[PDB]
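K.L.:
Dropping a structure here in structure tokens format, bear with me for questions.
Protein chains in written order, with the deposited numbering: chain T, 22 to 33, 35 to 49, 54 to 68, 72 to 84, 90 to 104, 107 to 121, 125 to 137, 141 to 164, 176 to 190, 209 to 234, 239 to 287; chain G, 163 to 173, 175 to 191, 214 to 232; chain W, 2 to 172, 194 to 236.
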């Protein structure tokens, strides 16, 4: 059978050749090579069909290799980020460089869930006791920091404050008004009180004493 | 929706963080037609 | 494959061969098209064959039987050479056929030809050159026994004593490629061999297959 399929392919017309290749495959290294060659002649739909024929690391590897030479594959990479629930989640975001702005909004579901796990893993008398005892002497932030360049609201900014401290300082500096001659970061009534307290706690955690 | 991220990208210690977070990821044409020519030569060559 | 559409666009013209001067006999050309015998399709296609037809040129196809043209009476000449025919069932030749050609087919035993008994009595000319029953023992003297009143086989005129003796008994495409090589200058053989060794492209294979078949 396959001799006729290969002979037909010599005449080629990419879609007909792909159909003949599928027929030959039905009755997989050679078939994968042929599909890759047809895509090289073309091609994203062929990769999607390859993923459908698959159903796992080799699939995502081929997705990343093809992505370098490249929109549903972005959905596939974001779904892999969902499967990271994990550095490929950031790698998928790097591949989203191609509305135009909707590429950030796929990440906060994973970002909020990561914020649940990592901060959770991290009494009147004892609060003073422990504080007295002390006197004897990061990728998650960057996800939120990238979004908050362009994000719409403070309901996002609430989640950033749960993480870290230099990044939290560094972005809030753009939301705190300057002093007229010192350039000091003053609090504002445009921010709500809890976020001001978070920034205060940032300066306290970094030990930036005079600024605090 | 502001689209101010034009011509820029996301910014390592975060690589080390992601290396630790692996537990967090679990806790939750010419190369063929030549051959065809040779095969056809083989089929013809007997006669 | 044997559609009702390809018989109607079948190229056709008048030819002088049977009378010398006047174009009074009509040929239908169905050659070089790779038609093949379907037991349902074909007899519903050949009922769109034009009338009258005098010469029906079915040469160089993949037929496996005489196509049933039994009831037609216009056709005098019936060319079926270079086809994969097995048996000559004479009842399926046209009523008034005269002149039959079965050269270079796949007929190999005397029980294949045995149904020529039912061919029309007005069949006068036959051709079986290049078959393989052609080579079997005393084949001419056998097939004359089947159709004694015939006038020619393999372009040999049936002489008087032959047909007199007839009454005594009661009492695959690479064929042509070999055929050229069989009939070729030894130096040209030793030149196209080298060319096949020198061969360097698929289109140059196509050119070399022109040379290997004329």
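Ideal placement from N, C-alpha and C gives every residue a C-beta, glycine not left out.
By Cβ distance, which residues of its chain are closer than 8 Å to residue 81 of chain W, with the 5 residues on each side in sequence left out?
P.N.:
Hits under 8 Å: 59, 60, 64, 67, 101, 102, 103, 106.
K.L.:
Between the beta-carbon of residue 229 of chain T and the beta-carbon of residue 211 of chain T, is there less than 9 Å?
P.N.:
For residue 229 of chain T and residue 211 of chain T, no; Cβs fall outside 9 Å.
K.L.:
Can you list the residues of chain G that residue 31 of chain T reaches, using a CB-CB cut of under 7 Å?
P.N.:
Residues of chain G passing the Cβ test: 218, 221.
K.L.:
Could you tell me whether the stretch 36-44 of chain W touches the stretch 223-232 of chain G, using the rule of 3 or more Cβ pairs below 8 Å?
P.N.:
Output reads no: the stretch 223-232 of chain G does not touch the stretch 36-44 of chain W.
K.L.:
Which two residues bound the contiguous beta strand (DSSP E) that contains residue 101 of chain W?
P.N.:
100-102 is the span of the beta strand (DSSP E), which, as asked, contains residue 101 of chain W.
K.L.:
List, in chain order, every chain W residue whose beta-carbon is nearer than 7 Å to that of residue 226 of chain G.
P.N.:
The contacting residues are 218, 221.
K.L.:
Starting from the Cα of residue 7 of chain W, find the closest Cα among W:22, W:27, W:51 and give me that residue.
P.N.:
It is W:51.
K.L.:
Is it a yes or a no for the stretch 199-206 of chain W touching the stretch 152-167 of chain W, going by three-plus beta-carbon pairs under 8 Å?
P.N.:
No, the stretch 199-206 of chain W does not touch the stretch 152-167 of chain W.
K.L.:
Contact between the stretch 107-119 of chain W and the stretch 78-94 of chain W is defined here as three or more beta-carbon pairs at a separation below 8 Å; is this criterion met?
P.N.:
These segments touch.
K.L.:
Along the chain, where does the beta strand (DSSP E) that runs through residue 16 of chain W open and close?
P.N.:
Element bounds for residue 16 of chain W: 13-16.
K.L.:
Do residue 58 of chain T and residue 79 of chain T come within 9 Å of each other at the CB atom, strictly closer than that value?
P.N.:
Contact: yes.
K.L.:
Hey, residue 23 of chain T and residue 61 of chain T are a contact pair by Cβ (cut 8 Å); roughly how many whole angstroms apart?
P.N.:
In fact, because the Cβ distance is near 15 Å, the residues do not count as touching under 8 Å.
K.L.:
Could you tell me the boundaries of the beta strand (DSSP E) in which residue 26 of chain W lies?
P.N.:
Looking at the DSSP string, the run of the beta strand (DSSP E) that includes residue 26 of chain W is 26-30.
K.L.:
In whole angstroms, give me the CA-to-CA distance for residue 224 of chain W and residue 215 of chain G.
P.N.:
Taking the straight line joining both Cα atoms gives about 11 Å.
K.L.:
Kindly indicate the opening and closing residues of the beta strand (DSSP E) around residue 243 of chain T.
P.N.:
Run containing residue 243 of chain T: none in the beta strand (DSSP E); it sits in the alpha helix (DSSP H), 240-247.
K.L.:
Rounding to the nearest angstrom, what Cα-Cα distance links residue 280 of chain T and residue 162 of chain T in this structure?
P.N.:
So the alpha carbons of these two residues sit roughly 18 Å apart.
K.L.:
According to DSSP, simplified to helix, strand and coil, what is residue 56 of chain T?
P.N.:
Correct three-state label for residue 56 of chain T: helix.
K.L.:
Can you give the Cα-Cα distance for residue 131 of chain T and residue 142 of chain T, rounded to whole angstroms?
P.N.:
In a straight line, the C-alpha of residue 131 of chain T is about 16 Å away from that of residue 142 of chain T.
K.L.:
Less than 9 Å between the beta carbons of residue 40 of chain T and residue 75 of chain T, yes or no?
P.N.:
A contact, by the Cβ cut-off of 9 Å.
K.L.:
Give the interface partners of residue 203 of chain W over in chain G, defined as CB-CB distance under 7 Å, in chain order.
P.N.:
Those within 7 Å of residue 203 of chain W in chain G are 232.
K.L.:
Is the distance from the Cβ of residue 5 of chain W to the Cβ of residue 30 of chain W below 9 Å?
P.N.:
It is not a contact, given that the beta carbons lie outside the stated cut-off.
K.L.:
Using a Cβ-Cβ distance under 9 Å, would residue 229 of chain G count as near chain W?
P.N.:
By this cut-off, residue 229 of chain G is an interface position.
K.L.:
In this structure, how does DSSP classify residue 250 of chain T when only helix, strand and coil are distinguished?
P.N.:
Residue 250 of chain T: coil per DSSP, three-state reduction.
K.L.:
Say whether chain G places a C-beta atom closer than 9 Å to the C-beta of residue 209 of chain T.
P.N.:
Yes, residue 209 of chain T counts as interfacial toward chain G.
K.L.:
Give me the chain T residues within the contact set of residue 181 of chain G, using Cβ-Cβ distance strictly less than 8 Å, ordered along the chain.
P.N.:
The contacting residues are 125, 126, 129, 210.
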